[PDB]
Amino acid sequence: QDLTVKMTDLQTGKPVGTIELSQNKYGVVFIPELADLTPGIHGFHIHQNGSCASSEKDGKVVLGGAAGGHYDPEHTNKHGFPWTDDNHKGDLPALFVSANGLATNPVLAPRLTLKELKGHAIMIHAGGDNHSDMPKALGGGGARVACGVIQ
């Protein structure tokens, strides 16, 4: 264990739980303890800016848009797998949400370190993540439903 990240639903504004971040010899483990999520597989990524506030795009509101794009320190400008290097370092494996709307399945990011995560935002999307920009950009994650700033 190490860091505790408070997550909040963007649409409702109410807290949905926390995610514990820990560093180990194989990378960063994300241990979720969230509730009230839509059952299924969800896009899960680290974003650039440390904010969950809404942004604005061509006259339309973007929930959690202030977080910016996917954390991409090497400027790959591509969405990929958590085990591939030529893509966003913030690409995490998808988060599993069971029928009861709970997310407790831990996940690991081999290309990340805890230290570099400080000041960034953890994002959970409505759609899944096929780890590619096609047929849909950013793995088809779609809108941002839950978000939290890494302290």
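The numbering used is simple: start at 1 and walk along the sequence shown.
Undergrad: Going by the B-factors listed in the PDB entry, is the mean over the C-alpha atoms higher for 92-100 or for 61-69?
TA: The entry gives the higher C-alpha B-factor average to 61-69.
Undergrad: Would you mind comparing 6-14 and 128-136 for me and telling me which has the higher average C-alpha temperature factor in the entry?
TA: Mean CA B-factor is higher for 6-14.
Undergrad: Looking at the entry's B-factor column for C-alpha atoms only, identify whether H79 ranks in the lowest, middle or highest third of its chain.
TA: As the PDB entry reports it, the C-alpha B-factor of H79 lands in the lowest third of its chain.
Undergrad: For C52, does the deposited CA B-factor place it in the lowest, middle or highest third of the chain?
TA: Its C-alpha B-factor, which the entry lists for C52, ranks in the highest third among residues of this chain.
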